[PDB]
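Structure file data30.cif; described as mmCIF, C-alpha atoms.
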data_run
#
loop_
_atom_site.group_PDB
_atom_site.id
_atom_site.type_symbol
_atom_site.label_atom_id
_atom_site.label_comp_id
_atom_site.auth_asym_id
_atom_site.auth_seq_id
_atom_site.Cartn_x
_atom_site.Cartn_y
_atom_site.Cartn_z
ATOM 1 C CA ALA A 1 41.058 10.332 -13.134
ATOM 2 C CA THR A 2 37.883 12.405 -13.272
ATOM 3 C CA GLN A 3 38.327 13.142 -16.991
ATOM 4 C CA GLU A 4 38.341 9.493 -18.077
ATOM 5 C CA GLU A 5 35.357 8.602 -15.877
ATOM 6 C CA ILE A 6 33.335 11.502 -17.296
ATOM 7 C CA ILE A 7 34.355 10.436 -20.826
ATOM 8 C CA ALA A 8 33.237 6.885 -19.986
ATOM 9 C CA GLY A 9 29.836 8.065 -18.749
ATOM 10 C CA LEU A 10 29.328 10.291 -21.792
ATOM 11 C CA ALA A 11 30.445 7.442 -24.068
ATOM 12 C CA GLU A 12 27.821 5.190 -22.477
ATOM 13 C CA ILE A 13 25.258 7.927 -23.197
ATOM 14 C CA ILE A 14 26.369 8.288 -26.845
ATOM 15 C CA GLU A 15 26.302 4.487 -27.197
ATOM 16 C CA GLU A 16 22.699 4.344 -26.001
ATOM 17 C CA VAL A 17 21.639 7.359 -28.081
ATOM 18 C CA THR A 18 23.192 7.152 -31.555
ATOM 19 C CA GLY A 19 24.637 3.615 -31.638
ATOM 20 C CA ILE A 20 28.345 4.503 -31.748
ATOM 21 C CA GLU A 21 30.856 2.182 -30.098
ATOM 22 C CA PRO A 22 32.728 3.463 -27.004
ATOM 23 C CA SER A 23 36.118 2.283 -28.305
ATOM 24 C CA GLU A 24 36.642 5.044 -30.887
ATOM 25 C CA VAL A 25 34.679 7.719 -29.017
ATOM 26 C CA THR A 26 37.688 9.756 -27.875
ATOM 27 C CA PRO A 27 38.056 13.408 -26.802
ATOM 28 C CA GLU A 28 40.225 14.090 -29.888
ATOM 29 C CA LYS A 29 37.403 14.301 -32.460
ATOM 30 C CA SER A 30 34.320 16.460 -32.967
ATOM 31 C CA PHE A 31 30.638 15.499 -33.007
ATOM 32 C CA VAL A 32 29.042 16.712 -36.239
ATOM 33 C CA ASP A 33 32.058 16.150 -38.513
ATOM 34 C CA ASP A 34 33.135 12.677 -37.363
ATOM 35 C CA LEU A 35 30.217 11.050 -35.507
ATOM 36 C CA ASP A 36 27.536 12.535 -37.849
ATOM 37 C CA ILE A 37 25.413 13.973 -35.062
ATOM 38 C CA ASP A 38 22.351 16.222 -35.331
ATOM 39 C CA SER A 39 21.214 19.303 -33.408
ATOM 40 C CA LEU A 40 18.328 17.396 -31.798
ATOM 41 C CA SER A 41 20.664 14.546 -30.854
ATOM 42 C CA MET A 42 22.559 17.080 -28.740
ATOM 43 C CA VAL A 43 19.230 17.678 -26.975
ATOM 44 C CA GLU A 44 18.985 13.899 -26.466
ATOM 45 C CA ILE A 45 22.481 13.844 -24.918
ATOM 46 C CA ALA A 46 21.596 16.805 -22.687
ATOM 47 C CA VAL A 47 18.306 15.358 -21.383
ATOM 48 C CA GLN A 48 19.794 11.911 -20.708
ATOM 49 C CA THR A 49 22.721 13.516 -18.877
ATOM 50 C CA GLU A 50 20.277 15.595 -16.794
ATOM 51 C CA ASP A 51 18.344 12.561 -15.584
ATOM 52 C CA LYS A 52 21.154 10.022 -15.240
ATOM 53 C CA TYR A 53 24.218 12.003 -14.107
ATOM 54 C CA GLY A 54 22.782 15.140 -12.529
ATOM 55 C CA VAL A 55 24.477 18.245 -13.909
ATOM 56 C CA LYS A 56 22.919 21.235 -15.656
ATOM 57 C CA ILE A 57 23.823 22.252 -19.204
ATOM 58 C CA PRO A 58 21.412 25.038 -20.225
ATOM 59 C CA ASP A 59 19.833 25.930 -23.529
ATOM 60 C CA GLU A 60 21.787 27.933 -26.187
ATOM 61 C CA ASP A 61 25.020 26.336 -24.901
ATOM 62 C CA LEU A 62 24.902 22.965 -26.662
ATOM 63 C CA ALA A 63 25.947 24.798 -29.834
ATOM 64 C CA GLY A 64 28.924 26.281 -27.981
ATOM 65 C CA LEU A 65 30.506 22.846 -27.562
ATOM 66 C CA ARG A 66 31.744 21.121 -30.710
ATOM 67 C CA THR A 67 34.201 18.406 -29.631
ATOM 68 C CA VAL A 68 33.980 15.701 -26.972
ATOM 69 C CA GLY A 69 36.935 17.280 -25.177
ATOM 70 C CA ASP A 70 34.953 20.514 -24.933
ATOM 71 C CA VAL A 71 31.962 18.727 -23.389
ATOM 72 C CA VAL A 72 34.037 16.776 -20.846
ATOM 73 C CA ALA A 73 35.904 19.993 -19.962
ATOM 74 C CA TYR A 74 32.553 21.759 -19.538
ATOM 75 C CA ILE A 75 31.412 19.015 -17.159
ATOM 76 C CA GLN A 76 34.621 18.962 -15.112
ATOM 77 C CA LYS A 77 34.819 22.746 -14.673
ATOM 78 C CA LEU A 78 31.597 22.561 -12.620
ATOM 79 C CA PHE B 1 10.192 -22.633 -37.639
ATOM 80 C CA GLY B 2 12.634 -20.525 -39.648
ATOM 81 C CA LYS B 3 14.047 -16.998 -40.034
ATOM 82 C CA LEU B 4 10.985 -14.812 -40.589
ATOM 83 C CA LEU B 5 10.449 -11.923 -38.123
ATOM 84 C CA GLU B 6 13.714 -10.002 -37.752
ATOM 85 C CA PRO B 7 14.442 -6.257 -37.543
ATOM 86 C CA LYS B 8 16.074 -4.816 -40.656
ATOM 87 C CA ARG B 9 17.267 -1.162 -40.685
ATOM 88 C CA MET B 10 17.198 1.190 -37.656
ATOM 89 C CA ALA B 11 15.780 4.568 -38.723
ATOM 90 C CA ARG B 12 12.322 5.117 -37.167
ATOM 91 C CA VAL B 13 13.147 4.619 -33.482
ATOM 92 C CA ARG B 14 15.968 7.167 -33.744
ATOM 93 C CA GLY B 15 13.711 9.760 -35.382
ATOM 94 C CA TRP B 16 10.913 9.260 -32.876
ATOM 95 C CA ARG B 17 13.398 9.575 -30.011
ATOM 96 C CA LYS B 18 14.495 12.817 -31.699
ATOM 97 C CA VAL B 19 10.972 14.243 -31.811
ATOM 98 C CA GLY B 20 10.412 13.071 -28.220
ATOM 99 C CA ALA B 21 13.472 14.998 -27.056
ATOM 100 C CA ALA B 22 12.192 17.990 -29.032
ATOM 101 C CA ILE B 23 8.947 17.747 -27.030
ATOM 102 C CA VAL B 24 10.802 17.390 -23.719
ATOM 103 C CA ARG B 25 13.199 20.318 -24.137
ATOM 104 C CA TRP B 26 10.488 22.834 -25.157
ATOM 105 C CA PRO B 27 7.102 21.811 -23.716
ATOM 106 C CA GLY B 28 5.836 25.399 -23.650
ATOM 107 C CA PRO B 29 5.885 26.528 -27.296
ATOM 108 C CA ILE B 30 4.963 23.124 -28.763
ATOM 109 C CA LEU B 31 1.830 22.976 -26.601
ATOM 110 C CA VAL B 32 0.715 26.471 -27.625
ATOM 111 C CA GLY B 33 1.346 25.690 -31.303
ATOM 112 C CA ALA B 34 -0.619 22.434 -31.096
ATOM 113 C CA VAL B 35 -3.491 24.122 -29.278
ATOM 114 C CA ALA B 36 -3.355 26.904 -31.900
ATOM 115 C CA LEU B 37 -4.049 24.320 -34.617
ATOM 116 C CA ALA B 38 -6.715 22.951 -32.267
ATOM 117 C CA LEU B 39 -8.437 26.358 -32.075
ATOM 118 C CA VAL B 40 -8.214 26.695 -35.873
ATOM 119 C CA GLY B 41 -10.124 23.423 -35.970
ATOM 120 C CA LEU B 42 -12.607 24.472 -33.282
ATOM 121 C CA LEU B 43 -13.722 27.891 -34.592
ATOM 122 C CA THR B 44 -15.401 26.247 -37.612
ATOM 123 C CA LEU B 45 -17.429 23.941 -35.322
ATOM 124 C CA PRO B 46 -20.266 26.263 -34.073
ATOM 125 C CA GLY B 47 -21.308 26.966 -37.658
ATOM 126 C CA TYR B 48 -22.509 23.495 -38.622
ATOM 127 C CA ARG B 49 -25.627 22.346 -40.469
ATOM 128 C CA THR B 50 -26.912 18.841 -41.173
ATOM 129 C CA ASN B 51 -28.895 17.508 -44.116
ATOM 130 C CA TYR B 52 -31.516 14.816 -43.526
ATOM 131 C CA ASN B 53 -32.168 14.223 -47.245
ATOM 132 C CA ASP B 54 -30.316 11.272 -48.783
ATOM 133 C CA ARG B 55 -31.515 12.089 -52.327
ATOM 134 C CA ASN B 56 -28.456 14.338 -52.695
ATOM 135 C CA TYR B 57 -26.132 11.564 -51.460
ATOM 136 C CA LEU B 58 -26.658 9.061 -54.300
ATOM 137 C CA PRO B 59 -25.870 9.053 -58.035
ATOM 138 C CA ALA B 60 -28.502 10.018 -60.581
ATOM 139 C CA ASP B 61 -28.769 6.835 -62.687
ATOM 140 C CA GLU C 1 9.217 3.739 -17.916
ATOM 141 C CA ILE C 2 9.206 6.217 -15.010
ATOM 142 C CA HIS C 3 11.904 4.890 -12.679
ATOM 143 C CA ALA C 4 14.980 6.153 -14.564
ATOM 144 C CA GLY C 5 13.851 9.776 -14.723
ATOM 145 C CA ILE C 6 10.457 11.125 -15.736
ATOM 146 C CA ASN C 7 11.289 12.887 -19.024
ATOM 147 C CA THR C 8 13.903 10.416 -20.182
ATOM 148 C CA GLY C 9 10.833 8.257 -19.672
ATOM 149 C CA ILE C 10 8.984 10.403 -22.217
ATOM 150 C CA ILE C 11 11.802 10.214 -24.793
ATOM 151 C CA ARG C 12 12.253 6.456 -24.278
ATOM 152 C CA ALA C 13 8.531 5.651 -24.344
ATOM 153 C CA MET C 14 8.163 7.858 -27.428
ATOM 154 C CA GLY C 15 10.939 6.027 -29.267
ATOM 155 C CA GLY C 16 9.490 2.715 -28.128
ATOM 156 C CA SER C 17 5.764 3.196 -28.695
ATOM 157 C CA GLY C 18 5.075 6.325 -30.751
ATOM 158 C CA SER C 19 6.434 4.496 -33.791
ATOM 159 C CA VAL C 20 3.994 1.612 -33.272
ATOM 160 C CA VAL C 21 0.936 3.759 -32.568
ATOM 161 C CA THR C 22 1.733 6.102 -35.479
ATOM 162 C CA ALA C 23 2.208 3.137 -37.826
ATOM 163 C CA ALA C 24 -1.164 1.683 -36.797
ATOM 164 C CA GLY C 25 -2.846 5.078 -37.093
ATOM 165 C CA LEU C 26 -1.337 5.745 -40.521
ATOM 166 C CA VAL C 27 -2.337 2.352 -41.969
ATOM 167 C CA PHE C 28 -5.896 2.567 -40.640
ATOM 168 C CA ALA C 29 -6.202 6.236 -41.629
ATOM 169 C CA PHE C 30 -5.139 5.721 -45.239
ATOM 170 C CA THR C 31 -7.324 2.604 -45.484
ATOM 171 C CA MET C 32 -10.266 4.753 -44.384
ATOM 172 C CA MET C 33 -9.239 7.654 -46.654
ATOM 173 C CA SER C 34 -9.224 5.477 -49.778
ATOM 174 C CA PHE C 35 -13.038 5.314 -49.414
ATOM 175 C CA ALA C 36 -13.250 8.842 -50.891
ATOM 176 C CA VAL C 37 -13.349 7.556 -54.499
ATOM 177 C CA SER C 38 -16.682 5.803 -53.902
ATOM 178 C CA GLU C 39 -19.673 6.824 -55.999
ATOM 179 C CA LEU C 40 -21.844 6.587 -52.875
ATOM 180 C CA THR C 41 -21.358 9.997 -51.302
ATOM 181 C CA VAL C 42 -22.281 9.204 -47.677
ATOM 182 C CA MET C 43 -19.771 6.341 -47.367
ATOM 183 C CA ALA C 44 -17.097 8.616 -48.830
ATOM 184 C CA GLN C 45 -18.023 11.283 -46.268
ATOM 185 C CA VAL C 46 -17.796 8.846 -43.344
ATOM 186 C CA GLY C 47 -14.482 7.444 -44.579
ATOM 187 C CA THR C 48 -12.949 10.866 -45.224
ATOM 188 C CA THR C 49 -14.106 12.201 -41.836
ATOM 189 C CA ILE C 50 -12.670 9.206 -39.959
ATOM 190 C CA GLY C 51 -9.419 9.268 -41.949
ATOM 191 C CA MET C 52 -8.803 13.011 -41.620
ATOM 192 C CA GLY C 53 -9.646 12.844 -37.924
ATOM 193 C CA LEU C 54 -7.203 9.996 -37.443
ATOM 194 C CA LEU C 55 -4.405 11.935 -39.180
ATOM 195 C CA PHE C 56 -5.179 14.855 -36.860
ATOM 196 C CA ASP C 57 -5.220 12.604 -33.776
ATOM 197 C CA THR C 58 -2.046 10.703 -34.694
ATOM 198 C CA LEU C 59 0.136 13.466 -36.093
ATOM 199 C CA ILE C 60 -0.493 16.581 -33.997
ATOM 200 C CA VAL C 61 -2.388 15.521 -30.862
ATOM 201 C CA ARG C 62 -0.913 12.223 -29.705
ATOM 202 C CA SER C 63 2.512 12.958 -31.194
ATOM 203 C CA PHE C 64 2.925 16.541 -29.987
ATOM 204 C CA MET C 65 0.261 17.729 -27.522
ATOM 205 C CA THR C 66 -0.196 14.951 -24.940
ATOM 206 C CA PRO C 67 3.532 14.277 -24.222
ATOM 207 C CA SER C 68 3.925 18.058 -23.995
ATOM 208 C CA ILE C 69 1.197 18.252 -21.329
ATOM 209 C CA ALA C 70 2.813 15.313 -19.516
ATOM 210 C CA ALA C 71 6.224 17.015 -19.577
ATOM 211 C CA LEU C 72 4.752 20.367 -18.520
ATOM 212 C CA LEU C 73 2.661 19.137 -15.575
ATOM 213 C CA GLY C 74 5.699 17.152 -14.450
ATOM 214 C CA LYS C 75 5.463 15.029 -11.315
ATOM 215 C CA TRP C 76 1.944 16.376 -10.699
ATOM 216 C CA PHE C 77 0.758 14.242 -13.633
ATOM 217 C CA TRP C 78 0.731 11.130 -11.417
ATOM 218 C CA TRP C 79 -1.026 12.510 -8.316
ATOM 219 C CA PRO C 80 -1.805 11.025 -5.757
ATOM 220 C CA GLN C 81 1.377 8.938 -6.283
ATOM 221 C CA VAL C 82 4.641 10.474 -5.095
ATOM 222 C CA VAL C 83 7.008 10.304 -8.066
ATOM 223 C CA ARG C 84 10.345 12.076 -8.425
ATOM 224 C CA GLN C 85 11.404 14.462 -11.183
ATOM 225 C CA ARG C 86 14.911 12.967 -11.366
ATOM 226 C CA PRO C 87 16.487 9.959 -9.644
ATOM 227 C CA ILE C 88 19.219 10.249 -7.026
ATOM 228 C CA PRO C 89 22.283 11.468 -8.997
ATOM 229 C CA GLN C 90 24.589 8.494 -9.452
ATOM 230 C CA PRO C 91 28.355 9.100 -9.290
ATOM 231 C CA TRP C 92 30.698 8.712 -12.242
#

Represent the supplied structure as structure tokens.
Amino acid sequence: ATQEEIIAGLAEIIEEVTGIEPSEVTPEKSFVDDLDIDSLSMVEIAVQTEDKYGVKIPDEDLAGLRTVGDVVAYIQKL
Amino acid sequence: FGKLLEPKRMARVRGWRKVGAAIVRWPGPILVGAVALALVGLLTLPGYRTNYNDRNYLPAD
Amino acid sequence: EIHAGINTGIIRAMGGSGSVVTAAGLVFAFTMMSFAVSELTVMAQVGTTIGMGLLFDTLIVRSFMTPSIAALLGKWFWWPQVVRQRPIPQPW
């Protein structure tokens, strides 16, 4: 499915960025409550996604997404 | 020979990646802020006087 | 580190090398700044000038200004070479 492949690509990104294993990165938990993420780490995720897997997430919209399911849904709706 | 040079703790690389991404996302405002501090440094420069007397650069004993 | 995107190159080279250059600058700068307690005034002046200049160069120029200019000029930073802003977008 497209959803699981996008989750796999994002999980590879989050593995490279903040050192969190892909096994328990699931779309059923949030970023800042469970993975202990920062605001600037969202910028890291955004920039790495822009270069590696070309798709545009603008400014002032990283804060709109809170869970991994929200981010993968945001990617697949484009 | 032994177990001497090994990396302990991972906290500086993550922070410097964070400030690098901060630079990348907003290259406009960070440049104008940095050059603003640069101008604050530079406006003092044209008023500058030297002293060729070393008598005032030594103790008095 | 250009080939996998230009500005991911900036973040990756920053995390790889800014730490090392800032560590070297900070050690040398504080070693030069400890000269300020000398009773010889001119040596204290030279040490304080070099130390304060190296804090300014390390902390606000090389850490904030130069990567900002590199990220603002973009692919025109490497002229006459023909570099690409992003790689070909790989599939999922």

Given the PyMOL selection byres ((chain B) within 12 of (chain C)) and the file above, list the residues it selects as JSON, numbers by chain.
{"B": [10, 11, 12, 13, 14, 15, 16, 17, 18, 19, 20, 21, 22, 23, 24, 25, 26, 27, 28, 29, 30, 31, 32, 33, 34, 35, 36, 37, 38, 41, 51, 52, 53, 54, 55, 56, 57, 58, 59, 60, 61]}

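Residues of chain A having any atom within 8 Å of chain C, counting all atoms listed in the file, are residues 5, 6, 9, 47, 48, 51, 52, 53 and 54 of chain A.
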
Selection: 12 Å around residue A:62, only C-alpha atoms, excl. self and same-chain fewer than 5 positions, as a PyMOL selection string: chain A and resi 31+38-47+56-57+67-68+70-71+74

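Remark: for chain B, the closest of the candidate residues A:59, A:20, A:27, A:36 is A:59 (distances computed over all atoms listed in the file).
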
Box for stretch 8-18 of chain C: with edges along x, y and z, all listed atoms inside and 8 Å added on each side, what are the centre and edge lengths in Å to one decimal, as JSON?
{"center_x": 9.5, "center_y": 6.6, "center_z": -25.2, "size_x": 24.8, "size_y": 23.7, "size_z": 27.1}

Students should find that atom CA of residue A:49 and atom CA of residue A:76 are spaced 13.6 Å

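For the structure in this document, the set picked by the PyMOL selection byres ((chain A and resi 25) around 10) is residues 7, 8, 10, 11, 12, 14, 15, 20, 21, 22, 23, 24, 26, 27, 28, 29, 30, 31, 34, 35 and 68 of chain A.
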
Output the selection as a compact mmCIF listing (two decimals), keeping the file's coordinate frame - C-alpha atoms for each residue.
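The new file selection20.txt reads:
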# COMPACT_ATOMS: atom_id res chain seq x y z
CA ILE A 7 34.35 10.44 -20.83
CA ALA A 8 33.24 6.88 -19.99
CA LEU A 10 29.33 10.29 -21.79
CA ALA A 11 30.44 7.44 -24.07
CA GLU A 12 27.82 5.19 -22.48
CA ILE A 14 26.37 8.29 -26.84
CA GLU A 15 26.30 4.49 -27.20
CA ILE A 20 28.34 4.50 -31.75
CA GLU A 21 30.86 2.18 -30.10
CA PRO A 22 32.73 3.46 -27.00
CA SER A 23 36.12 2.28 -28.30
CA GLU A 24 36.64 5.04 -30.89
CA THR A 26 37.69 9.76 -27.88
CA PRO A 27 38.06 13.41 -26.80
CA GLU A 28 40.22 14.09 -29.89
CA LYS A 29 37.40 14.30 -32.46
CA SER A 30 34.32 16.46 -32.97
CA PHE A 31 30.64 15.50 -33.01
CA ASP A 34 33.14 12.68 -37.36
CA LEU A 35 30.22 11.05 -35.51
CA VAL A 68 33.98 15.70 -26.97

- Task: For the file shown, report as a PyMOL selection string the outcome of the PyMOL selection byres ((chain C and resi 35) around 9) at residue level.
- Result: chain C and resi 30-34+36-38+43-48

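Across the structure, atom CA of residue B:49 and atom CA of residue C:54 are spaced 22.4 Å apart.
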
Complete the atom set of stretch 44-58 of chain A to N, CA, C and O atoms and return it as a PDB file, in the frame of the given file.
ATOM      1  N   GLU A  44      19.059  15.238 -27.056  1.00  0.00           N
ATOM      2  CA  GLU A  44      18.985  13.899 -26.466  1.00  0.00           C
ATOM      3  C   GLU A  44      20.099  13.663 -25.452  1.00  0.00           C
ATOM      4  O   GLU A  44      19.841  13.204 -24.331  1.00  0.00           O
ATOM      5  N   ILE A  45      21.344  13.985 -25.830  1.00  0.00           N
ATOM      6  CA  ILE A  45      22.481  13.844 -24.918  1.00  0.00           C
ATOM      7  C   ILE A  45      22.263  14.672 -23.659  1.00  0.00           C
ATOM      8  O   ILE A  45      22.483  14.191 -22.540  1.00  0.00           O
ATOM      9  N   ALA A  46      21.792  15.911 -23.824  1.00  0.00           N
ATOM     10  CA  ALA A  46      21.596  16.805 -22.687  1.00  0.00           C
ATOM     11  C   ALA A  46      20.550  16.263 -21.720  1.00  0.00           C
ATOM     12  O   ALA A  46      20.792  16.203 -20.512  1.00  0.00           O
ATOM     13  N   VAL A  47      19.396  15.831 -22.239  1.00  0.00           N
ATOM     14  CA  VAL A  47      18.306  15.358 -21.383  1.00  0.00           C
ATOM     15  C   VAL A  47      18.701  14.078 -20.646  1.00  0.00           C
ATOM     16  O   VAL A  47      18.444  13.929 -19.436  1.00  0.00           O
ATOM     17  N   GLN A  48      19.346  13.141 -21.356  1.00  0.00           N
ATOM     18  CA  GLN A  48      19.794  11.911 -20.708  1.00  0.00           C
ATOM     19  C   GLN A  48      20.853  12.183 -19.649  1.00  0.00           C
ATOM     20  O   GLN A  48      20.855  11.536 -18.595  1.00  0.00           O
ATOM     21  N   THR A  49      21.757  13.135 -19.903  1.00  0.00           N
ATOM     22  CA  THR A  49      22.721  13.516 -18.877  1.00  0.00           C
ATOM     23  C   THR A  49      22.024  14.118 -17.665  1.00  0.00           C
ATOM     24  O   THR A  49      22.370  13.787 -16.524  1.00  0.00           O
ATOM     25  N   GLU A  50      21.002  14.958 -17.895  1.00  0.00           N
ATOM     26  CA  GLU A  50      20.277  15.595 -16.794  1.00  0.00           C
ATOM     27  C   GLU A  50      19.641  14.561 -15.876  1.00  0.00           C
ATOM     28  O   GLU A  50      19.749  14.658 -14.648  1.00  0.00           O
ATOM     29  N   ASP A  51      18.973  13.557 -16.450  1.00  0.00           N
ATOM     30  CA  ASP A  51      18.344  12.561 -15.584  1.00  0.00           C
ATOM     31  C   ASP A  51      19.358  11.604 -14.966  1.00  0.00           C
ATOM     32  O   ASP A  51      19.289  11.318 -13.765  1.00  0.00           O
ATOM     33  N   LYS A  52      20.304  11.092 -15.754  1.00  0.00           N
ATOM     34  CA  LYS A  52      21.154  10.022 -15.240  1.00  0.00           C
ATOM     35  C   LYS A  52      22.251  10.562 -14.330  1.00  0.00           C
ATOM     36  O   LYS A  52      22.369  10.150 -13.173  1.00  0.00           O
ATOM     37  N   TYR A  53      23.058  11.493 -14.831  1.00  0.00           N
ATOM     38  CA  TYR A  53      24.218  12.003 -14.107  1.00  0.00           C
ATOM     39  C   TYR A  53      23.985  13.488 -13.870  1.00  0.00           C
ATOM     40  O   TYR A  53      24.413  14.317 -14.675  1.00  0.00           O
ATOM     41  N   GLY A  54      23.336  13.815 -12.750  1.00  0.00           N
ATOM     42  CA  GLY A  54      22.782  15.140 -12.529  1.00  0.00           C
ATOM     43  C   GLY A  54      23.756  16.299 -12.584  1.00  0.00           C
ATOM     44  O   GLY A  54      24.544  16.526 -11.662  1.00  0.00           O
ATOM     45  N   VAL A  55      23.682  17.043 -13.684  1.00  0.00           N
ATOM     46  CA  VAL A  55      24.477  18.245 -13.909  1.00  0.00           C
ATOM     47  C   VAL A  55      23.759  19.046 -14.986  1.00  0.00           C
ATOM     48  O   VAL A  55      23.177  18.476 -15.912  1.00  0.00           O
ATOM     49  N   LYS A  56      23.763  20.368 -14.841  1.00  0.00           N
ATOM     50  CA  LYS A  56      22.919  21.235 -15.656  1.00  0.00           C
ATOM     51  C   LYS A  56      23.738  21.865 -16.775  1.00  0.00           C
ATOM     52  O   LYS A  56      24.675  22.627 -16.515  1.00  0.00           O
ATOM     53  N   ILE A  57      23.378  21.541 -18.010  1.00  0.00           N
ATOM     54  CA  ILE A  57      23.823  22.252 -19.204  1.00  0.00           C
ATOM     55  C   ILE A  57      22.612  22.967 -19.801  1.00  0.00           C
ATOM     56  O   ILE A  57      21.612  22.320 -20.139  1.00  0.00           O
ATOM     57  N   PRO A  58      22.624  24.291 -19.881  1.00  0.00           N
ATOM     58  CA  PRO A  58      21.412  25.038 -20.225  1.00  0.00           C
ATOM     59  C   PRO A  58      21.137  24.989 -21.722  1.00  0.00           C
ATOM     60  O   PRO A  58      21.850  24.353 -22.496  1.00  0.00           O
TER      61      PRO A  58
END
